[PDB]
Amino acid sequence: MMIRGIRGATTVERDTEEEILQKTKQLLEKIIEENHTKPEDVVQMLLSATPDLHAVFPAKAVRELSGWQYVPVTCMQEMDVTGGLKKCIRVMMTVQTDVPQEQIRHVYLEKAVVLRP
């Protein structure tokens, strides 16, 4: 029963809890919309932030998604790359799905559109 990673990326303008939660929620909702993801099918999720964001764990946003309270999530620091995109939040959402690898819809929002291949 196949499992696949779904990637998301977005950015915030400021390091505040309000903006980190708002943008993270918007990113998750878009991933959910595009991939028709049900929470019970999510194995786990990893969220990362660049080391310029500190106000809150982006995973707190998952609680604002009804039905997602049992989805296991953890946060990590993104690698600090010289010249890399700043104030960036990324998601690796691992899901049970039969959608082929090439049709998985990865989501890039805000200033992270530049990360689109």
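Throughout, we count residues from 1 along the sequence that is shown.
Higher average CA B factor: 11-19, of the stretches 89-97 and 11-19. Of the two stretches examined, 29-37 and 70-78, the record assigns the greater average C-alpha temperature factor to 29-37. In this PDB entry, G83 carries a Cα temperature factor that places it within the highest third of its chain's modelled residues.
Ranked against the other modelled residues of its chain, the C-alpha B-factor of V56 as given in the entry falls in the middle third.
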